[PDB]
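Trainee: What follows is my_file_20.txt, made up of compact mmCIF, C-alpha atoms and all ligand atoms:
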```txt
# COMPACT_ATOMS: atom_id res chain seq x y z
CA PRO Q 463 170.97 111.35 137.47
CA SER Q 464 173.77 112.60 135.22
CA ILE Q 465 175.41 109.65 133.44
CA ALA Q 466 178.78 109.45 131.69
CA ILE Q 467 181.45 106.90 130.79
CA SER Q 468 185.24 107.01 131.00
CA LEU Q 469 188.24 104.72 130.56
CA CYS Q 470 190.01 105.98 133.66
CA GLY Q 471 189.83 102.64 135.46
CA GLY Q 472 190.60 102.39 139.16
CA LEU Q 473 187.55 100.40 140.26
CA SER Q 474 189.30 97.01 140.34
CA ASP Q 475 192.05 98.48 142.50
CA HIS Q 476 189.33 100.11 144.64
CA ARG Q 477 190.82 103.47 143.72
CA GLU Q 478 188.63 106.48 144.44
CA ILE Q 479 187.41 107.97 141.18
CA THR Q 480 188.19 111.69 141.02
CA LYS Q 481 186.34 114.04 138.69
CA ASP Q 482 189.60 115.05 137.07
CA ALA Q 483 190.74 111.52 136.26
CA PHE Q 484 187.26 110.64 134.99
CA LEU Q 485 187.11 113.61 132.62
CA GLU Q 486 190.65 113.09 131.27
CA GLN Q 487 189.47 109.78 129.74
CA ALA Q 488 185.77 110.45 129.17
CA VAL Q 489 184.27 108.62 126.19
CA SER Q 490 182.45 110.79 123.68
CA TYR Q 491 179.43 109.70 121.64
CA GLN Q 492 181.23 109.43 118.31
CA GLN Q 493 184.09 107.58 120.01
CA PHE Q 494 181.70 104.97 121.41
CA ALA Q 495 179.83 104.83 118.10
CA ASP Q 496 183.11 104.16 116.27
CA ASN Q 497 184.11 101.43 118.74
CA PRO Q 498 181.09 100.03 120.61
CA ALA Q 499 183.29 97.25 122.02
CA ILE Q 500 184.45 99.91 124.52
CA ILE Q 501 181.56 98.54 126.59
CA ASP Q 502 183.74 95.53 127.41
CA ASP Q 503 186.91 97.44 128.32
CA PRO Q 504 188.09 96.51 131.82
CA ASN Q 505 188.81 100.20 132.45
CA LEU Q 506 185.31 101.40 131.63
CA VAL Q 507 183.80 103.38 134.50
CA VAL Q 508 180.15 104.46 134.46
CA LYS Q 509 179.27 107.61 136.39
CA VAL Q 510 175.69 107.50 137.67
CA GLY Q 511 174.95 110.66 139.64
CA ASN Q 512 177.70 110.93 142.25
CA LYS Q 513 178.80 107.28 142.12
CA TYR Q 514 181.06 105.31 139.82
CA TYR Q 515 180.28 101.78 138.71
CA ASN Q 516 181.73 99.09 136.51
CA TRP Q 517 179.56 98.12 133.57
CA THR Q 518 178.35 94.92 135.26
CA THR Q 519 176.90 96.93 138.15
CA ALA Q 520 175.58 99.81 136.02
CA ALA Q 521 173.82 97.63 133.44
CA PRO Q 522 170.79 96.61 135.56
CA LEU Q 523 170.62 100.09 137.09
CA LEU Q 524 170.57 101.58 133.59
CA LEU Q 525 168.28 98.95 132.05
CA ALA Q 526 165.69 99.60 134.77
CA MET Q 527 165.72 103.37 134.34
CA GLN Q 528 165.05 103.17 130.62
CA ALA Q 529 162.74 100.14 130.58
CA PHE Q 530 160.59 101.23 133.54
CA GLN Q 531 161.33 104.98 133.63
CA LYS Q 532 162.34 104.83 137.29
CA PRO Q 533 165.40 103.68 139.26
CA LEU Q 534 165.59 100.37 141.06
CA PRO Q 535 164.93 100.25 144.81
CA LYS Q 536 167.70 101.23 147.20
CA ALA Q 537 167.91 97.71 148.64
CA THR Q 538 168.28 96.31 145.11
CA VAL Q 539 171.20 98.62 144.28
CA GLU Q 540 172.97 97.66 147.48
CA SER Q 541 172.58 94.00 146.52
CA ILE Q 542 173.84 94.55 142.97
CA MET Q 543 176.92 96.39 144.19
CA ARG Q 544 177.50 93.61 146.74
CA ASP Q 545 177.26 91.01 143.97
CA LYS Q 546 178.83 92.83 141.03
CA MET Q 547 181.28 95.54 142.10
CA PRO Q 548 185.01 94.67 141.93
CA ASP R 461 162.63 111.36 122.57
CA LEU R 462 164.44 108.06 123.29
CA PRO R 463 162.76 104.86 122.05
CA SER R 464 160.84 102.61 124.44
CA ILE R 465 162.41 99.49 125.93
CA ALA R 466 160.74 96.37 127.30
CA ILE R 467 162.21 93.06 128.33
CA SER R 468 160.82 89.54 128.28
CA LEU R 469 161.98 86.01 129.02
CA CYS R 470 160.19 84.58 125.98
CA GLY R 471 163.50 83.63 124.35
CA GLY R 472 163.61 82.34 120.80
CA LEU R 473 166.16 84.68 119.21
CA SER R 474 169.05 82.23 119.41
CA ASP R 475 166.91 79.61 117.68
CA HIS R 476 165.94 82.28 115.16
CA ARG R 477 162.25 81.93 115.97
CA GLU R 478 160.06 84.93 115.21
CA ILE R 479 159.34 86.98 118.33
CA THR R 480 155.55 87.34 118.44
CA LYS R 481 153.86 90.16 120.33
CA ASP R 482 151.90 87.60 122.35
CA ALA R 483 154.93 85.51 123.29
CA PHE R 484 156.95 88.60 124.22
CA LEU R 485 154.21 90.17 126.34
CA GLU R 486 153.09 86.99 128.11
CA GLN R 487 156.60 86.61 129.58
CA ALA R 488 157.40 90.31 129.90
CA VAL R 489 159.56 91.26 132.89
CA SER R 490 157.93 93.75 135.25
CA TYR R 491 159.65 96.34 137.43
CA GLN R 492 159.16 94.38 140.63
CA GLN R 493 160.28 91.19 138.92
CA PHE R 494 163.51 92.83 137.75
CA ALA R 495 163.94 94.54 141.12
CA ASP R 496 163.62 91.18 142.87
CA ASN R 497 165.94 89.41 140.39
CA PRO R 498 168.37 91.80 138.69
CA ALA R 499 170.35 88.73 137.55
CA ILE R 500 167.58 88.33 134.94
CA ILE R 501 169.84 90.56 132.85
CA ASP R 502 172.05 87.47 132.35
CA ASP R 503 169.16 85.08 131.66
CA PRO R 504 169.78 83.25 128.37
CA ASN R 505 166.14 83.79 127.36
CA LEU R 506 166.15 87.55 127.88
CA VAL R 507 164.86 89.46 124.85
CA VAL R 508 165.11 93.26 124.78
CA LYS R 509 162.67 95.27 122.66
CA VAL R 510 164.12 98.62 121.58
CA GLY R 511 161.51 100.55 119.67
CA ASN R 512 160.26 98.08 117.06
CA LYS R 513 163.12 95.59 117.16
CA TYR R 514 164.08 92.63 119.30
CA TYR R 515 167.62 92.04 120.57
CA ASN R 516 169.51 89.81 122.93
CA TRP R 517 171.17 91.46 125.91
CA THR R 518 174.64 91.46 124.37
CA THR R 519 173.40 93.47 121.39
CA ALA R 520 171.16 95.74 123.48
CA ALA R 521 173.86 96.61 126.01
CA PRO R 522 175.77 99.23 123.96
CA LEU R 523 172.52 100.68 122.63
CA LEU R 524 171.32 101.04 126.22
CA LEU R 525 174.59 102.59 127.42
CA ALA R 526 174.67 105.15 124.58
CA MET R 527 171.07 106.21 125.20
CA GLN R 528 171.59 106.68 128.95
CA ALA R 529 175.08 108.24 128.84
CA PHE R 530 174.61 110.41 125.75
CA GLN R 531 170.81 110.77 125.74
CA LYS R 532 170.64 109.73 122.10
CA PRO R 533 170.60 106.37 120.32
CA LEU R 534 173.63 105.15 118.43
CA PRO R 535 173.62 105.74 114.66
CA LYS R 536 171.69 103.17 112.64
CA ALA R 537 174.82 101.96 110.83
CA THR R 538 176.47 101.40 114.21
CA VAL R 539 173.53 99.34 115.49
CA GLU R 540 173.65 97.22 112.34
CA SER R 541 177.32 96.40 112.99
CA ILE R 542 176.63 95.55 116.64
CA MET R 543 173.89 93.20 115.46
CA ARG R 544 176.31 91.46 113.09
CA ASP R 545 178.78 90.97 115.94
CA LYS R 546 176.44 90.11 118.81
CA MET R 547 173.06 88.83 117.60
CA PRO R 548 172.75 85.01 117.85
CL CL Q 601 191.64 101.45 128.64
CL CL Q 602 170.52 102.83 153.54
CL CL Q 603 171.03 99.37 154.51
CL CL Q 604 173.08 91.30 140.79
CL CL Q 605 173.94 87.88 141.47
CL CL Q 606 161.85 79.99 124.43
CL CL Q 607 166.73 80.52 132.11
CL CL Q 608 164.20 81.88 134.43
CL CL Q 609 163.75 82.02 131.13
CL CL Q 610 173.16 83.04 113.14
CL CL Q 611 172.77 80.23 115.06
ZN ZN Q 612 191.31 99.53 127.53
ZN ZN Q 613 170.09 100.49 152.84
ZN ZN Q 614 172.76 89.61 142.11
ZN ZN Q 615 167.15 76.37 121.35
ZN ZN Q 616 165.15 82.04 132.62
ZN ZN Q 617 172.17 100.71 107.02
ZN ZN Q 618 181.74 94.60 117.65
ZN ZN Q 619 172.35 82.22 114.57
```
Starting from the file, give its structure as structure tokens.
Mentor:
Amino acid sequence: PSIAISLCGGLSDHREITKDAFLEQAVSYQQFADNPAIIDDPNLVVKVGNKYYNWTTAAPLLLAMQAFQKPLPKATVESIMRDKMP
Amino acid sequence: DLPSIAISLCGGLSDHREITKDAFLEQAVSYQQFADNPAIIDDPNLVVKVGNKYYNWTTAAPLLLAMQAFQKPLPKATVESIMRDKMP
């Protein structure tokens, strides 16, 4: 899946993330390299495919894809979102 | 192109013990183990191997995000600074 990060926010207010708002505050590589603490920003949104996650939800999804070269099961993702999404 | 990642619950980084190949692999986390317990990511004993080096989760997290989101690892000088801030 395509993956990107942005500081648009809106997840904790359960706001729908629009492509336009996401892109207006997308984080570039150099920007993240200059300030890696961005990973802890409350407004950080992670785009994974068509969905938008907070970092706490995206982290296991992402860790699994790189460590095992395949996504987690569908039932696992549902459980992570249930546990971790705002 | 991206470096390989493995995870283990061998621990030892925060006591500054040397991470041995045997200790890492004997307690390596498998796909089904992580799929059954994704909270392992918060386990205090989690060690993340990135290429040749061993990190705790707090250090590995930005490395992992940069690789996935930008499809390239962070610069080496950046990783060194993350280590100073986040390694135990
Ligand atoms: Cl912000
Ligand atoms: Cl379903
Ligand atoms: Cl279902
Ligand atoms: Cl979870
Ligand atoms: Cl949980
Ligand atoms: Cl240990
Ligand atoms: Cl534990
Ligand atoms: Cl445990
Ligand atoms: Cl443990
Ligand atoms: Cl120390
Ligand atoms: Cl210490
Ligand atoms: Zn902020
Ligand atoms: Zn389902
Ligand atoms: Zn959980
Ligand atoms: Zn100890
Ligand atoms: Zn444990
Ligand atoms: Zn250096
Ligand atoms: Zn820092
Ligand atoms: Zn220490």
Trainee: Which one is closest to chain R: Q:476, Q:536, Q:513, Q:481? Count all atoms listed in the file.
Mentor: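 Ranked by minimum distance to chain R, first place goes to Q:536.
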Trainee: Return the single residue from Q:547, Q:525, Q:473, Q:507 that is closest to chain R, with distances computed using only C-alpha atoms.
Mentor: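 The answer is Q:525, which sits nearest to chain R.
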Trainee: For a test of reading the model, state the distance in Å between CA of residue 535 in chain R and CA of residue 518 in chain R, rounded to one decimal.
Mentor: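 Atom-to-atom, CA of residue 535 in chain R and CA of residue 518 in chain R are spaced 17.3 Å apart.
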Trainee: Is it possible to get the residues within 12 Å of (167.9, 93.2, 132.4) (coordinates as in the file, counting all atoms listed in the file) written as a VMD selection string?
Mentor: (chain Q and resid 518 to 530 534) or (chain R and resid 465 to 469 488 to 491 493 to 509 515 to 518 520 to 521 524)
Trainee: Within 9 Å of ligand ZN 613 (chain Q) (counting all atoms listed in the file), which residues show up? I'd like them as a ChimeraX atom specification.
Mentor: /Q:536-540
Trainee: Based on the selection just made, write C-alpha atoms of those residues as a PDB file, in the frame of the given file.
Mentor:
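The new file selection.pdb reads:
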```pdb
ATOM      1  CA  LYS Q 536     167.700 101.230 147.200  1.00  0.00           C
ATOM      2  CA  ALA Q 537     167.910  97.710 148.640  1.00  0.00           C
ATOM      3  CA  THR Q 538     168.280  96.310 145.110  1.00  0.00           C
ATOM      4  CA  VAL Q 539     171.200  98.620 144.280  1.00  0.00           C
ATOM      5  CA  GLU Q 540     172.970  97.660 147.480  1.00  0.00           C
TER       6      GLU Q 540
END
```
Trainee: Under the rule that all atoms listed in the file are counted, which of R:479, R:485, R:523, R:473 is the nearest residue to chain Q?
Mentor: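 Residue with the minimum atom-to-atom distance to chain Q: R:523.
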Trainee: Per residue of chain Q within 7 Å of ligand CL 604 (chain Q), which atom pair is closest and at what distance in Å (one decimal), using only C-alpha atoms and all ligand atoms, listed by chain and increasing number, as JSON lines?
Mentor:
```
{"residue": "Q:541", "atom": "CA", "partner": "Q:CL604", "partner_atom": "CL", "distance": 6.4}
{"residue": "Q:542", "atom": "CA", "partner": "Q:CL604", "partner_atom": "CL", "distance": 4.0}
{"residue": "Q:545", "atom": "CA", "partner": "Q:CL604", "partner_atom": "CL", "distance": 5.3}
{"residue": "Q:546", "atom": "CA", "partner": "Q:CL604", "partner_atom": "CL", "distance": 6.0}
```
Trainee: Return as a PDB file with C-alpha atoms, in the coordinates of the input the residues of protein, DNA or RNA that approach ligand CL 606 (chain Q) to within 7 Å, with all atoms listed in the file taken into account.
Mentor:
```pdb
ATOM      1  CA  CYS R 470     160.190  84.580 125.980  1.00  0.00           C
ATOM      2  CA  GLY R 471     163.500  83.630 124.350  1.00  0.00           C
ATOM      3  CA  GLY R 472     163.610  82.340 120.800  1.00  0.00           C
ATOM      4  CA  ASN R 505     166.140  83.790 127.360  1.00  0.00           C
TER       5      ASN R 505
END
```
Trainee: Within 12 Å of residue 530 in chain R, counting all atoms listed in the file, which residues show up once you throw out same-chain ones fewer than 5 positions away? Write them as a PyMOL selection string, please.
Mentor: (chain Q and resi 464-467+488-495+508-509) or (chain R and resi 462+522-525)
